[PDB]
Amino acid sequence: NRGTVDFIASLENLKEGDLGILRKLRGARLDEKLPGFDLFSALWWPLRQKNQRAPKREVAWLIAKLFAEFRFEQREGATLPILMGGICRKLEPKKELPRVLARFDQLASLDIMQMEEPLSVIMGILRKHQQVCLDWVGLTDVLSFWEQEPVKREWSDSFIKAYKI
Amino acid sequence: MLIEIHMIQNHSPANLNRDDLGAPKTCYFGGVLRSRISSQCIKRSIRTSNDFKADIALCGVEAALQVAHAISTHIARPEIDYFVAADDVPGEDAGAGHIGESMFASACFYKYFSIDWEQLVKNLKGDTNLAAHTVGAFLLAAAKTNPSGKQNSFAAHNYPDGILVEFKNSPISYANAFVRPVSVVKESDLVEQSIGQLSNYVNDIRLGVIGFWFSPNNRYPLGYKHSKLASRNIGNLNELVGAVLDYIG
Amino acid sequence: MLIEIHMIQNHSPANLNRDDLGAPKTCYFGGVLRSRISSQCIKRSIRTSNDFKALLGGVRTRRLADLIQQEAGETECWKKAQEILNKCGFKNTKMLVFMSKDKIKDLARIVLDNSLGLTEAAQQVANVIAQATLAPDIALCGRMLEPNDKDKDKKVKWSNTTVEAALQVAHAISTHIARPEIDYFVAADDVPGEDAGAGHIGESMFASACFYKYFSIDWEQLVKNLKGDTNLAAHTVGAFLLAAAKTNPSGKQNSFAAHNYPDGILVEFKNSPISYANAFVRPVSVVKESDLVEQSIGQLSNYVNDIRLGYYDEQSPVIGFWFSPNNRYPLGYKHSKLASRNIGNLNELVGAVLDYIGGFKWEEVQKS
Amino acid sequence: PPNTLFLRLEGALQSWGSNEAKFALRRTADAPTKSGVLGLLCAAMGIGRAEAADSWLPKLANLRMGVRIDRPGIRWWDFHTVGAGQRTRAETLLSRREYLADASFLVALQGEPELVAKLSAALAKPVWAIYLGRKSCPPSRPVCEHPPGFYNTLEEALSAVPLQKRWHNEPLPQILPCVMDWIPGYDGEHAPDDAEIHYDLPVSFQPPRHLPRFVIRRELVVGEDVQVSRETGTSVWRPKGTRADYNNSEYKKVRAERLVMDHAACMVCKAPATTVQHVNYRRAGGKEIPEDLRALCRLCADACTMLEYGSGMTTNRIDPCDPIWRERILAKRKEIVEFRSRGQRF
DNA sequence: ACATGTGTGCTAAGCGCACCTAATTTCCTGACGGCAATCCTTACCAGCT
RNA sequence: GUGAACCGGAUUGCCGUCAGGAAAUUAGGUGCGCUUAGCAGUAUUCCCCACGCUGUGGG
DNA sequence: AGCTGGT
Ligand SMILES: [Mg+2]
């Protein structure tokens with residue numbers, strides 16, 4: 001898509017104070033603080049009048065909050081079920097692998113709003129394994145259509161494919 | 001003239017039809033495995049109880065019914081159970097029972113009925129307005145008592161939500177609406193998504209009669225347009241019964 | 001005539017029921033995962049409840065000969081009892097047998113000890129087992145009995161053991177998406193050592209959910225299996241109402257003391273029962289205002305509205321009840337002012353439902 | 001001139017019985033038998049019982065035909081427990097039935113247009129509760145589809161009909177098996193040594209007495225005469241709703257109506273008004289009726305966007321008229337007054 | 001979900017950061033309980049209608 | 001209406017019963033927002049009844 | 001005197 005790329009690139013332009021106030025708004029809707037809504041409006045309004053396709057609003061808000069909290073860099077080919085699974089091969093299959101594996105499968109049966117904390121723990125173990133790159137555009141357009149089961153099964157089969165290799 | 005009671009029916013988790021080994025019965029449609037109750041089971045459940053008997057010319061000239069297998073609008077989801085019957089008398093150890101396994105499934109179903117003109121008039125019994133009275137009993141007696149099954153341990157008698165009655169005479173089941181099993185998107189219900197699929201099929205086929213539609217307190221509209229795909233978005237108990245009564249005669 | 005009893009219970013983080021692997025029970029209701037509590041666990045916990053002790057009169061044992069041997073000071077009859085049972089039809093110490101406790105105790109003791117026969121002794125023991133219907137827990141839960149046809153005698157028969165269950169407990173369906181939570185526990189070794197580690201690193205799974213609990217009484221069946229009397233029937237109905245409102249499943253309560261109480265009672269008298277599972281086909285997602293209990297009650301009251309008007313049964317209206325304690329949780333917050341007898345107690349609703357049952361009172365019936 | 005009608009057999013379940021069923025194992029065949037479409041025919045005329053044996057089975061028993069497999073459905077077995085003397089004694093009788101699941105067919109009926117002309121007005125309007133050969137197996141497609149026409153040969157008629165497709169990304173059988181009868185090209189012709197015998201030829205109907213027939217296999221690849229059809233008909237609902245209309249031609253003119261209907265003023269916190277908010281998002285608005293909008297000042301419309309953008313987006317709106325959404329609006333306006341940075345836009 | 005309610009009259013251009021950084025040992029449960037029937041006969045025979 | 005009719009796989013079930021995730025941690029050092037300004041002014045003040053034509057009722 | 005439920 002040619003609309004989400006501008007959103008991710010504009011997010012990468014954000015300076016320290018803006019993503020600090022985005023960091024402070026974890027688990028909080030974009031209403032109880034005025035500056036957070038102002039920042040989201042500035043990020044989210046001008047990309048609908050230049051390109052016809054835009055992500056969903058809740059996906060954009062959640063992705064902005066998570067991006068502020070973790071601060072990765074955008075790189076093609078680094079979606080969640082590849083780096084996930086790649087880290088699962090670096091594990092003991094007896095005990096820890098079912099633990100981390102269940103932590104990953106918790107994402108596949110959740111709605112967009114409640115995934116903030118499971119995505120937080122998944123990206124926390126990603127940060128523990130020193131992962132710098134994450135395809136924010138790829139994550140965003142597989143998350144804006146997260147409610148159709150073909151993309152969920154494709155994401156899971158990507159995890160399988162990265163695990164068997 | 002022909003009566004097509006296209007009926008949706010969600011079900012709380014409980015097993016209703018059991019095969020040799022105890023599983024919920026299944027069918028194959030749309031390239032997927034979907035849950036199924038047998039037409040014999042629901043047809044006998046329409047009999048064998050006195051609430052409907054308030055009909056021996058209709059399930060016996062043979063009989064007068066076409067009841068389809070309950071095709072699920074989505075994929076089958078059979079689950080399994082694990083029960084332990086306790087000892088309740090203190091022995092040297094604990095646990096005594098069969099320690100077996102049961103199994104159940106929750107599904108949203110569909111079926112189709114057929115009562116023709118002479119198939120109801122020559123049914124007769126003793127009257128000519130009986131060919132309207134028995135049908136008028138049927139259109140909501142088909143949605144009166146969920147069959148039977150393991151109800152003493154899996155209590156499920158969920159009443160249906162969305163009921164169609166058509167007066168189209170060409171016998172066509174709308175099962176081709178459920179060629180694609182119904183997926184779930186967060187903003188709509190499973191029953192609401194199934195009813196949207198049924199509505200989307202309804203807007204087709206007319207390109208190449210009426211739509212008498214039942215929604216209790218019209219919570220489920222057949223199409224989110226003023227150009228309603230049934231044009232009869234009403235329904236309250238025996239109002240529909242009497243309206244079919246003076247539709248037939 | 002049959003009685004419906006509905007509850008909406010929110011529970012603390014707890015594991016009241018597990019499968020073989022230890023996970024809380026789950027069902028795929030409405031296309032999404034719903035937390036489940038097994039009906040048999042609820043039936044057992046209400047059976048073993050602290051108020052059923054005046055009515056707890058059923059035993060499900062395979063150690064019948066042990067029960068005979070306990071009530072015999074010096075007359076050892078445990079091999080003779082075992083062979084009498086082994087040719088009764090049970091083949092082994094046996095399979096599970098349901099009966100009344102005191103009846104089998106005293107009169108199987110008197111019918112077993114006498115040295116008058118061995119074949120007809122087994123026949124009359126089997127008849128005593130089959131006639132043991134004077135217990136209302138058997139009348140509620142139900143019981144059949146199938147002995148073997150191989151390890152038996154051709155001269156031993158069995159009467160019709162038909163007992164119908166007068167209770168249909170539904171499985172407690174969660175009112176939202178199930179969020180199964182993983183608990184990580186260790187076991188401390190009390191004595192120290194070099195390793196400074198745990199005695200047993202283990203797995204436990206717990207689920208915090210608002211359960212839609214659903215029971216149903218077949219009072220007509222409850223008296224067609226409890227003979228012509230109605231006093232015991234009314235006492236059992238009141239005892240179940242107290243027990244269900246008062247007791248909880250005895251799962252991992254020592255580790256999760258979730259003894260929270262039902263925040264909703266809906267008793268409706270009719271001849272066509274209904275579960276409000278379709279009230280929550282749409283999963284309940286909470287908003288910033290209100291709480292999960294109120295949103296669940298709101299969806300339930302919306303469903304009660306369009307099944308009291310769209311599916312109206314004004315030939316037999318609803319006698320819909322509540323347990324709204326001093327009206328803390330009202331039902332009709334926007335339109336549903338159909339709660340005819342909204343109260344804030346439990347003994348009052350017990351007395352009311354036995355009043356529409358017939359001419360009974362709460363205190364007078366509580367003596368059978 | 002149209003000598004053939006193409007019967008369309010399609011449903012969730014269907015079964016045309018085979019010969020190997022006298023006992024409780026009741027089976028089917030992987031083709032609609034001759035007396036598995038002639039029973040449909042007799043029901044479509046509205047008669048049955050012993051009337052079909054005379055002048056209805058021999059009225060077309062001299063007429064050859066051919067069948068086509070759109071998709072080969074799989075064989076399914078259903079448990080069936082007849083209760084006998086239970087709804088004699090309670091001895092429950094036992095059985096097992098064979099069901100062909102998700103199979104579409106196309107039968108031909110060739111030779112002359114008078115009987116086909118009588119038959120064309122027999123599939124849609126005249127009925128005796130027609131089904132797919134089994135009483136409890138409904139036809140899911142209009143059986144009167146694939147209109148008649150002249151195609152002289154069996155293969156030309158069987159391949160000159162468009163082939164459907166349910167969804168776009170669906171596997172399609174590239175070889176369509178053809179079941180054809182025996183054509184006696186000359187008198188004394190002997191059948192080829194691959195033609196299996198099928199026993200679907202009734203000479204009476206009740207009780208069933210039968211004759212055998214010769215069946216010749218035949219093949220059909222797609223492309224030369226048969227081809228895919230237009231699908232359309234979106235089987236995806238996903239409730240509709242428009243969005244993001246600044247102006248086509250009817251927002252400029254419709255903003256002013258409630259601007260000066262309310263006398264250039266606000267409504268909640270009355271003050272000179274700038275813009276218009278939208279309530280009751282039944283339609284987001286290309287054509288808007290003038291009794292749903294809400295001309296309303298800058299700060300409290302910003303508070304309306306406060307409340308809407310937070311929490312659910314949905315289709316229900318704020319409607320600052322009924323006083324339940326009042327305290328939140330005023331509080332959000334207070335923090336708007338306290339914390340707005342005009343130099344940081346908006 | 002910036003535009004459009006200007007109302008004497010509301011500027012504006014230059015400028016926005018780089019780098020070192022993430023550890024491990026060991027610990028992980030035993031036993032007991034697991035359903036019976038009934039869905040074609042060595043068919044005549046005697047309790048009694 | 002047709003190798004098809006008409007047709008239950010039925011009843012009995014607590015998975016229960018033991019468990020600290022504990023030991024250790026400076027959030028680190030760098031920085032000017034800033035260059036320019038009368039809240040004044042008679043010679044039509046947008047009006048509508050309305051005066052010998054500038055007093056008189058208000059939008 | 002036959003019939004029917006049991007062996
Ligand atoms: Mg305002």
# chains A, B, ... in the order shown; residues from 1 in each chain; ligands from 1
call {"tool": "residues_around", "arguments": {"residues": "residue 9 in chain F", "least_positions_apart": "3", "cutoff": "10 Å", "atoms": "only C-alpha atoms (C1' of nucleotides)", "output": "VMD selection string"}}
result
(chain B and resid 17 to 22 149) or (chain D and resid 79 to 81 92 94)
call {"tool": "write_last_selection", "arguments": {"atoms": "N, CA, C and O atoms", "output": "PDB file, in the first residue's frame"}}
result
ATOM      1  N   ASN B  17     -27.149 -34.229  18.251  1.00  0.00           N
ATOM      2  CA  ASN B  17     -27.211 -35.445  17.453  1.00  0.00           C
ATOM      3  C   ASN B  17     -25.919 -36.225  17.640  1.00  0.00           C
ATOM      4  O   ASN B  17     -24.828 -35.660  17.519  1.00  0.00           O
ATOM      5  N   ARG B  18     -26.040 -37.517  17.936  1.00  0.00           N
ATOM      6  CA  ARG B  18     -24.896 -38.353  18.274  1.00  0.00           C
ATOM      7  C   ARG B  18     -24.805 -39.528  17.310  1.00  0.00           C
ATOM      8  O   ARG B  18     -25.814 -40.175  17.013  1.00  0.00           O
ATOM      9  N   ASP B  19     -23.594 -39.795  16.828  1.00  0.00           N
ATOM     10  CA  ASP B  19     -23.310 -40.907  15.931  1.00  0.00           C
ATOM     11  C   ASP B  19     -23.035 -42.164  16.762  1.00  0.00           C
ATOM     12  O   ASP B  19     -23.414 -42.237  17.935  1.00  0.00           O
ATOM     13  N   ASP B  20     -22.418 -43.180  16.143  1.00  0.00           N
ATOM     14  CA  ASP B  20     -22.070 -44.408  16.855  1.00  0.00           C
ATOM     15  C   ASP B  20     -21.169 -44.126  18.049  1.00  0.00           C
ATOM     16  O   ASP B  20     -21.407 -44.629  19.153  1.00  0.00           O
ATOM     17  N   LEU B  21     -20.135 -43.321  17.844  1.00  0.00           N
ATOM     18  CA  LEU B  21     -19.115 -43.083  18.851  1.00  0.00           C
ATOM     19  C   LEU B  21     -19.394 -41.847  19.695  1.00  0.00           C
ATOM     20  O   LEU B  21     -18.577 -41.503  20.555  1.00  0.00           O
ATOM     21  N   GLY B  22     -20.522 -41.175  19.473  1.00  0.00           N
ATOM     22  CA  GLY B  22     -20.959 -40.096  20.330  1.00  0.00           C
ATOM     23  C   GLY B  22     -20.659 -38.695  19.843  1.00  0.00           C
ATOM     24  O   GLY B  22     -20.989 -37.734  20.548  1.00  0.00           O
ATOM     25  N   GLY B 149     -31.656 -34.583  23.373  1.00  0.00           N
ATOM     26  CA  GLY B 149     -30.227 -34.755  23.467  1.00  0.00           C
ATOM     27  C   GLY B 149     -29.814 -34.818  24.926  1.00  0.00           C
ATOM     28  O   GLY B 149     -30.623 -35.137  25.795  1.00  0.00           O
TER      29      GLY B 149
ATOM     30  N   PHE D  79     -25.515 -41.765  10.420  1.00  0.00           N
ATOM     31  CA  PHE D  79     -26.103 -42.719  11.344  1.00  0.00           C
ATOM     32  C   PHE D  79     -27.615 -42.531  11.385  1.00  0.00           C
ATOM     33  O   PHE D  79     -28.107 -41.402  11.460  1.00  0.00           O
ATOM     34  N   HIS D  80     -28.354 -43.636  11.334  1.00  0.00           N
ATOM     35  CA  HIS D  80     -29.811 -43.591  11.302  1.00  0.00           C
ATOM     36  C   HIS D  80     -30.350 -44.748  12.127  1.00  0.00           C
ATOM     37  O   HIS D  80     -30.092 -45.913  11.806  1.00  0.00           O
ATOM     38  N   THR D  81     -31.097 -44.432  13.184  1.00  0.00           N
ATOM     39  CA  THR D  81     -31.605 -45.424  14.131  1.00  0.00           C
ATOM     40  C   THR D  81     -33.129 -45.401  14.115  1.00  0.00           C
ATOM     41  O   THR D  81     -33.748 -44.557  14.768  1.00  0.00           O
ATOM     42  N   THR D  92     -34.597 -51.124  19.108  1.00  0.00           N
ATOM     43  CA  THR D  92     -34.284 -50.066  18.156  1.00  0.00           C
ATOM     44  C   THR D  92     -33.633 -50.675  16.921  1.00  0.00           C
ATOM     45  O   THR D  92     -32.571 -51.297  17.018  1.00  0.00           O
ATOM     46  N   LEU D  94     -31.642 -50.630  13.295  1.00  0.00           N
ATOM     47  CA  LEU D  94     -30.415 -49.920  12.972  1.00  0.00           C
ATOM     48  C   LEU D  94     -30.233 -49.841  11.464  1.00  0.00           C
ATOM     49  O   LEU D  94     -30.715 -50.709  10.730  1.00  0.00           O
TER      50      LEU D  94
END
call {"tool": "select_by_dssp", "arguments": {"residues": "range 13-249 of chain B", "states": "strand (DSSP E or B)", "output": "PyMOL selection string"}}
result
chain B and resi 18+24-29+32-36+78-80+103-105+109-111+115-116+163-166+212-214+233-234
call {"tool": "write_last_selection", "arguments": {"atoms": "N, CA and C atoms", "output": "mmCIF file, in the first residue's frame"}}
result
data_model
loop_
_atom_site.group_PDB
_atom_site.id
_atom_site.type_symbol
_atom_site.label_atom_id
_atom_site.label_comp_id
_atom_site.auth_asym_id
_atom_site.auth_seq_id
_atom_site.Cartn_x
_atom_site.Cartn_y
_atom_site.Cartn_z
ATOM 1 N N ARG B 18 -26.040 -37.517 17.936
ATOM 2 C CA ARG B 18 -24.896 -38.353 18.274
ATOM 3 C C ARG B 18 -24.805 -39.528 17.310
ATOM 4 N N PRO B 24 -20.899 -35.171 17.626
ATOM 5 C CA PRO B 24 -21.896 -34.457 16.826
ATOM 6 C C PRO B 24 -21.761 -34.841 15.361
ATOM 7 N N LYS B 25 -22.900 -34.997 14.694
ATOM 8 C CA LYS B 25 -22.880 -35.409 13.300
ATOM 9 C C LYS B 25 -22.429 -34.251 12.417
ATOM 10 N N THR B 26 -21.848 -34.591 11.268
ATOM 11 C CA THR B 26 -21.210 -33.609 10.408
ATOM 12 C C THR B 26 -21.654 -33.798 8.965
ATOM 13 N N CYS B 27 -21.561 -32.715 8.197
ATOM 14 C CA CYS B 27 -21.842 -32.735 6.771
ATOM 15 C C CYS B 27 -20.691 -32.077 6.030
ATOM 16 N N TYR B 28 -20.729 -32.190 4.708
ATOM 17 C CA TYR B 28 -19.716 -31.608 3.840
ATOM 18 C C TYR B 28 -20.386 -30.662 2.857
ATOM 19 N N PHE B 29 -19.999 -29.391 2.903
ATOM 20 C CA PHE B 29 -20.563 -28.395 2.008
ATOM 21 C C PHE B 29 -19.618 -27.207 1.939
ATOM 22 N N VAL B 32 -15.723 -27.590 3.204
ATOM 23 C CA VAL B 32 -15.377 -27.528 4.619
ATOM 24 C C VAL B 32 -16.291 -28.489 5.361
ATOM 25 N N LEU B 33 -15.880 -28.882 6.562
ATOM 26 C CA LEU B 33 -16.674 -29.758 7.410
ATOM 27 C C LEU B 33 -17.526 -28.906 8.342
ATOM 28 N N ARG B 34 -18.842 -29.076 8.266
ATOM 29 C CA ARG B 34 -19.771 -28.319 9.090
ATOM 30 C C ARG B 34 -20.600 -29.266 9.944
ATOM 31 N N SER B 35 -21.016 -28.769 11.105
ATOM 32 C CA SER B 35 -21.805 -29.568 12.028
ATOM 33 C C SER B 35 -23.190 -29.828 11.453
ATOM 34 N N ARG B 36 -23.804 -30.912 11.909
ATOM 35 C CA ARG B 36 -25.065 -31.354 11.345
ATOM 36 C C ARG B 36 -25.908 -32.045 12.399
ATOM 37 N N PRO B 78 -16.084 -29.344 16.818
ATOM 38 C CA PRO B 78 -16.342 -30.349 17.856
ATOM 39 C C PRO B 78 -15.335 -30.216 18.990
ATOM 40 N N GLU B 79 -15.843 -30.098 20.210
ATOM 41 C CA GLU B 79 -15.024 -30.105 21.411
ATOM 42 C C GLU B 79 -15.187 -31.437 22.130
ATOM 43 N N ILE B 80 -14.379 -31.634 23.171
ATOM 44 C CA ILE B 80 -14.386 -32.867 23.945
ATOM 45 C C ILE B 80 -14.499 -32.518 25.426
ATOM 46 N N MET B 103 -18.426 -35.194 24.395
ATOM 47 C CA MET B 103 -18.081 -34.309 23.294
ATOM 48 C C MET B 103 -19.317 -33.582 22.782
ATOM 49 N N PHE B 104 -19.107 -32.329 22.378
ATOM 50 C CA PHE B 104 -20.185 -31.382 22.139
ATOM 51 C C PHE B 104 -19.753 -30.386 21.071
ATOM 52 N N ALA B 105 -20.717 -29.600 20.592
ATOM 53 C CA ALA B 105 -20.444 -28.584 19.585
ATOM 54 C C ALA B 105 -21.521 -27.512 19.644
ATOM 55 N N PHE B 109 -27.401 -22.944 12.804
ATOM 56 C CA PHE B 109 -27.887 -23.863 11.787
ATOM 57 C C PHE B 109 -28.750 -23.157 10.749
ATOM 58 N N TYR B 110 -29.137 -23.928 9.736
ATOM 59 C CA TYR B 110 -30.094 -23.498 8.730
ATOM 60 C C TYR B 110 -30.837 -24.729 8.236
ATOM 61 N N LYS B 111 -32.091 -24.528 7.835
ATOM 62 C CA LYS B 111 -32.926 -25.591 7.300
ATOM 63 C C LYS B 111 -33.919 -24.984 6.316
ATOM 64 N N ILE B 115 -44.052 -27.180 1.774
ATOM 65 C CA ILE B 115 -45.451 -27.594 1.820
ATOM 66 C C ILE B 115 -46.130 -27.008 0.582
ATOM 67 N N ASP B 116 -46.528 -27.871 -0.358
ATOM 68 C CA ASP B 116 -47.066 -27.409 -1.631
ATOM 69 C C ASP B 116 -48.554 -27.085 -1.501
ATOM 70 N N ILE B 163 -35.998 -15.685 11.323
ATOM 71 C CA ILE B 163 -36.832 -16.675 10.650
ATOM 72 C C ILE B 163 -37.340 -16.086 9.342
ATOM 73 N N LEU B 164 -37.138 -16.812 8.248
ATOM 74 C CA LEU B 164 -37.742 -16.479 6.967
ATOM 75 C C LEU B 164 -38.941 -17.380 6.713
ATOM 76 N N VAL B 165 -39.963 -16.822 6.076
ATOM 77 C CA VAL B 165 -41.015 -17.606 5.443
ATOM 78 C C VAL B 165 -41.231 -17.018 4.055
ATOM 79 N N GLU B 166 -41.060 -17.840 3.028
ATOM 80 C CA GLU B 166 -41.259 -17.406 1.655
ATOM 81 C C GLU B 166 -42.461 -18.123 1.064
ATOM 82 N N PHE B 212 -41.523 -12.586 3.371
ATOM 83 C CA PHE B 212 -42.190 -12.469 4.661
ATOM 84 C C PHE B 212 -41.152 -12.766 5.734
ATOM 85 N N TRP B 213 -40.777 -11.743 6.489
ATOM 86 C CA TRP B 213 -39.598 -11.785 7.339
ATOM 87 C C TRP B 213 -40.001 -11.666 8.804
ATOM 88 N N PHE B 214 -39.300 -12.394 9.675
ATOM 89 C CA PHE B 214 -39.578 -12.397 11.107
ATOM 90 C C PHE B 214 -38.307 -11.884 11.773
ATOM 91 N N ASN B 233 -40.416 -6.152 7.151
ATOM 92 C CA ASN B 233 -39.590 -6.222 8.351
ATOM 93 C C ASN B 233 -40.420 -6.055 9.619
ATOM 94 N N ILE B 234 -41.259 -7.047 9.911
ATOM 95 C CA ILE B 234 -42.123 -7.061 11.086
ATOM 96 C C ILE B 234 -42.112 -8.439 11.740
#
call {"tool": "residues_near_ligand", "arguments": {"ligand": "ligand 1", "cutoff": "9 Å", "atoms": "only C-alpha atoms (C1' of nucleotides) and all ligand atoms", "output": "number ranges by chain"}}
result
D: 265-273, 295-301, 303, 333
call {"tool": "atom_distance", "arguments": {"atom1": "CA of residue 45 in chain A", "atom2": "CA of residue 57 in chain A"}}
result
10.2 Å
call {"tool": "residues_around", "arguments": {"residues": "residue 13 in chain F", "least_positions_apart": "3", "cutoff": "9 Å", "atoms": "only C-alpha atoms (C1' of nucleotides)", "output": "list in words"}}
result
residues 83, 84, 85, 86, 97, 98, 99 and 100 of chain B; 40 of chain C
call {"tool": "closest_atom_pairs", "arguments": {"of": "chain B", "to": "chain D", "cutoff": "8 Å", "atoms": "only C-alpha atoms", "output": "CSV"}}
result
residue,atom,partner,partner_atom,distance
B:19,CA,D:79,CA,5.7
B:20,CA,D:79,CA,7.0
B:25,CA,D:78,CA,7.7
B:27,CA,D:101,CA,7.3
B:28,CA,D:101,CA,5.6
B:29,CA,D:102,CA,5.2
B:30,CA,D:102,CA,6.9
B:31,CA,D:102,CA,7.9
B:38,CA,D:78,CA,7.9
B:39,CA,D:136,CA,6.8
B:44,CA,D:87,CA,7.7
B:48,CA,D:87,CA,6.6
B:66,CA,D:136,CA,5.8
B:67,CA,D:136,CA,5.7
B:68,CA,D:136,CA,5.3
B:69,CA,D:136,CA,7.2
B:71,CA,D:12,CA,7.6
B:112,CA,D:138,CA,7.7
B:114,CA,D:129,CA,6.4
B:115,CA,D:129,CA,7.2
B:116,CA,D:129,CA,6.4
B:119,CA,D:128,CA,7.1
B:169,CA,D:125,CA,6.5
B:170,CA,D:124,CA,5.1
B:171,CA,D:130,CA,7.0
B:172,CA,D:140,CA,5.1
B:173,CA,D:140,CA,4.3
B:174,CA,D:140,CA,6.0
B:175,CA,D:140,CA,5.8
B:176,CA,D:140,CA,6.2
B:177,CA,D:235,CA,7.1
B:179,CA,D:166,CA,7.3
B:180,CA,D:235,CA,7.4
B:185,CA,D:238,CA,8.0
B:193,CA,D:237,CA,7.2
B:196,CA,D:237,CA,5.7
B:197,CA,D:237,CA,5.9
B:200,CA,D:235,CA,6.6
B:201,CA,D:235,CA,7.2
B:204,CA,D:233,CA,6.7
B:224,CA,D:239,CA,7.6
call {"tool": "closest_atom_pairs", "arguments": {"of": "chain C", "to": "chain F", "cutoff": "7 Å", "atoms": "only C-alpha atoms (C1' of nucleotides)", "output": "CSV"}}
result
residue,atom,partner,partner_atom,distance
C:18,CA,F:15,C1',6.3
C:19,CA,F:15,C1',6.4
C:20,CA,F:15,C1',6.5
C:40,CA,F:13,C1',6.8
C:41,CA,F:14,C1',4.8
C:44,CA,F:14,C1',5.9
C:143,CA,F:12,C1',5.7
C:144,CA,F:12,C1',6.3
C:185,CA,F:19,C1',6.5
C:186,CA,F:19,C1',5.7
C:187,CA,F:19,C1',4.2
call {"tool": "closest_residue", "arguments": {"among": "B:125, B:168, B:43, B:144", "to": "chain C", "atoms": "only C-alpha atoms"}}
result
B:144
call {"tool": "interface_residues", "arguments": {"of": "chain C", "to": "chain G", "cutoff": "12 Å", "atoms": "only C-alpha atoms (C1' of nucleotides)", "output": "list in words"}}
result
residues 154, 155 and 157 of chain C
call {"tool": "residues_around", "arguments": {"residues": "residue 22 in chain A", "least_positions_apart": "5", "cutoff": "10 Å", "atoms": "only C-alpha atoms (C1' of nucleotides)", "output": "number ranges by chain"}}
result
A: 16-17, 28, 30, 35-37, 39-40, 61, 64-69
call {"tool": "select_by_dssp", "arguments": {"residues": "range 28-175 of chain B", "states": "alpha helix (DSSP H)", "output": "MDAnalysis selection string"}}
result
chainID B and resid 39:46 118:121 130:141
call {"tool": "residues_around", "arguments": {"residues": "range 78-95 of chain A", "least_positions_apart": "5", "cutoff": "6 Å", "atoms": "only C-alpha atoms (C1' of nucleotides)", "output": "number ranges by chain"}}
result
A: 134-135, 158-159, 162-163
call {"tool": "interface_residues", "arguments": {"of": "chain A", "to": "chain D", "cutoff": "7 Å", "atoms": "only C-alpha atoms", "output": "list in words"}}
result
residues 29, 30, 31 and 34 of chain A
call {"tool": "residues_around", "arguments": {"residues": "residue 8 in chain E", "least_positions_apart": "6", "cutoff": "12 Å", "atoms": "only C-alpha atoms (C1' of nucleotides)", "output": "PyMOL selection string"}}
result
chain F and resi 39-41
call {"tool": "write_last_selection", "arguments": {"atoms": "N, CA and C atoms (P, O5', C5', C4', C3', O3' and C1' of nucleotides)", "output": "PDB file, in the first residue's frame"}}
result
ATOM      1  P     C F  39      -0.071  50.501  19.800  1.00  0.00           P
ATOM      2  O5'   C F  39      -1.586  50.941  20.021  1.00  0.00           O
ATOM      3  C5'   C F  39      -2.605  50.565  19.100  1.00  0.00           C
ATOM      4  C4'   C F  39      -3.830  51.430  19.258  1.00  0.00           C
ATOM      5  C3'   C F  39      -4.364  51.516  20.685  1.00  0.00           C
ATOM      6  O3'   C F  39      -4.961  52.797  20.893  1.00  0.00           O
ATOM      7  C1'   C F  39      -6.027  50.617  19.287  1.00  0.00           C
ATOM      8  P     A F  40      -4.059  54.124  21.006  1.00  0.00           P
ATOM      9  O5'   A F  40      -4.274  54.842  19.603  1.00  0.00           O
ATOM     10  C5'   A F  40      -5.560  54.859  18.991  1.00  0.00           C
ATOM     11  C4'   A F  40      -5.585  55.717  17.750  1.00  0.00           C
ATOM     12  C3'   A F  40      -6.726  56.731  17.688  1.00  0.00           C
ATOM     13  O3'   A F  40      -6.278  57.869  16.950  1.00  0.00           O
ATOM     14  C1'   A F  40      -6.909  55.252  15.871  1.00  0.00           C
ATOM     15  P     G F  41      -7.114  59.242  16.952  1.00  0.00           P
ATOM     16  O5'   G F  41      -8.018  59.118  15.646  1.00  0.00           O
ATOM     17  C5'   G F  41      -7.416  58.896  14.374  1.00  0.00           C
ATOM     18  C4'   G F  41      -8.431  58.879  13.258  1.00  0.00           C
ATOM     19  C3'   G F  41      -9.708  59.695  13.496  1.00  0.00           C
ATOM     20  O3'   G F  41     -10.064  60.366  12.288  1.00  0.00           O
ATOM     21  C1'   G F  41     -10.270  57.494  12.885  1.00  0.00           C
TER      22        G F  41
END
